[PDB]
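As structure tokens, the structure follows; a few thoughts come after it.
All Cβ positions, even for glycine, are placed from backbone atoms using ideal geometry, and neighbour counts span all protein chains on display. Nothing in this text is a laboratory measurement; each read-out follows from the coordinates by a stated rule.
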Amino acid sequence: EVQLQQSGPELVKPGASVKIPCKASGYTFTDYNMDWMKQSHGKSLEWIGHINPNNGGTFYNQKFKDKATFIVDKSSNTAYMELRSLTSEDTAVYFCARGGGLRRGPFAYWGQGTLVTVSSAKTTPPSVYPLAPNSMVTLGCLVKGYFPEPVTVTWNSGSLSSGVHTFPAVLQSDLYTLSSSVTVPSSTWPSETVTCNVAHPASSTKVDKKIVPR
Amino acid sequence: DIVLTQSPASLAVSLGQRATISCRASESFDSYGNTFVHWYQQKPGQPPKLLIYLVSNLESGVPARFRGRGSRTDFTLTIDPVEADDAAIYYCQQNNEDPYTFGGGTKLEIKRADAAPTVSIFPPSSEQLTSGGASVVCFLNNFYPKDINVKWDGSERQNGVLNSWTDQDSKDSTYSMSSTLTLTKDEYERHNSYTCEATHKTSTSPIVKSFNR
């Protein structure tokens, strides 16, 4: 099956550049364009341009001429988009998508998106605090005082996901805080084990906080 | 460029009913060949996902609840019947002319029966206490509709109260929210009862959770 796989989130200083990979598999890479999109937070998408991997050719949305460069590594079926002279206006999710081959068409296959945050603020890992307290029981995980976004949260590595609510982070005094609840039967907890799995890619934090009965 | 204006900006549609989402091009597209207008569904934190391509063709794997039509400058996505899984933002897109462009998006809310929140309060964990910090957390889970009010020792305090709503759940069409009252160590240690009362149009009486310390 077709897969487009992008890099993880990126914190970049103002004025610097970043390069975003998009690795393709499940089809013959040189048959199709690779297109690139930008989506600012809370906003619609903008098409940056595309590259023809077969022959190296490119077309840029004029608006992105001073911002984006496309290249491909035919050798590894990886398309790349470089963004230069970064400002806060470039903070956004960037997506690759497979484009036209023999003729124009829709974007049927997309990469997962990569978040680029432009800031010169320092990186701060979160503290992960457990929350302990009735046929059902709700348990929590508090992820506090981090920068930048994102963190990811799972419960028992994703096997337990059915009664999870993970709340969007709030920015406070230059720091994000996020929470996440989970609800399971009384019979299963505190009887057997529940832990939240928290990662903060920007600091390489990966914590497992077990929910201990108080 | 060719500007695509979507209508409505938002709508709320009951389960089983019809949602009509419009896209208007700033100028007409050209009759030589096909018309490259496509429709996508996008949920939070995901790429958009293709529904309809070349105005009216159904992408394989997409159910026939989704239909596209149009011509020249007017294009229509219909979702009938609407289901819980449709809670999303929808976009039209054109690649008839450079640069390619997307509509501004239409946010579909699923309207369902009103639902009271389940409310849980949590005192700060001792791990957090060892760091000289005290946060008291309240979860308000699986309610409808979205509009909701929450109030946190006998009396009240809004200073240090970070709130946060989820998007619409795509299985049961509910919303959840999370209120975190945070305050200092010797400040927290200095009090008694902590209550989150929440009020919501599912009842007269606020739902009250609390603990003594």
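Some observations on this one:
- Cβ-Cβ FRET estimate between A:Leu102 and B:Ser26, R0 fixed at 41 Å, reported to 0.05: 0.90
- Per residue of peptide A:138-144, the mean number of Cβ atoms on other chains within 10 Å of the residue Cβ is 5.
- Phi-based couplings in Hz for region A:72-83 (Karplus 6.51, -1.76, 1.60; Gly and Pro marked x): 10, 10, 3, 4, 10, 6, 10, 9, 9, 10, 9, 10
- Label-to-label distance, nm, for residues given as A:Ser88 and B:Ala116 (7 Å Cα→Cβ offset): 4.5 nm
- In a simple Cβ point-charge model (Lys, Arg +1; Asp, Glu -1; nothing else charged), chain A has a dipole of about 160 debye relative to its Cα centre.
- Residues of region B:162-203 with amide N under 16 Å of a point placed 7 Å along Cα→Cβ from B:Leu129: B:183-194
- Phi to ³J(HN,Hα) by Karplus 6.51 cos²θ - 1.76 cosθ + 1.60 over region A:56-66, Hz, x for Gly, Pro: x, x, 9, 9, 10, 3, 3, 3, 10, 4, 8
- Counting, for every residue in A:38-50, the Cβ atoms of other protein chains within 10 Å of its Cβ and taking the mean gives 4.
- In terms of other Cβ atoms within 10 Å, A:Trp189, A:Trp36 run from fewest to most in the order A:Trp189, A:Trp36.
- Each peptide in B:22-33, B:176-187 receives the mean, over its residues, of other Cβ atoms within 10 Å, and ordering these scores from highest gives B:176-187, B:22-33.
- Taking a Cβ cut-off of under 10 Å around B:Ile2, the surrounding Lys, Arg, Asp and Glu residues balance to a net charge of -4, with basic ones at +1 and acidic ones at -1.
- Peptide A:90-99 is shielded by partner chain Cβ atoms: per residue, an average of 1 of them sit within 10 Å of its Cβ.
- By average C-beta atoms within 10 angstrom, highest first, the peptides A:127-133, A:202-208: A:127-133, A:202-208
- Neighbour net charge for A:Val153 - beta-carbon separation under 14 angstrom, K R +1, D E -1: +1
- Under 13 Å, Cβ to Cβ, from B:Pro47 - net charge with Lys/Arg +1 and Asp/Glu -1: +3
- Each residue of region B:114-131 was assigned a 3J(HN,Hα) from its phi angle through the Karplus expression (A = 6.51, B = -1.76, C = 1.60, θ = phi - 60°), giving 4, 9, 7, x, 8, 10, 10, 10, 9, x, x, 5, 5, 4, 6, 4, 4, 7 Hz with x at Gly and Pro.
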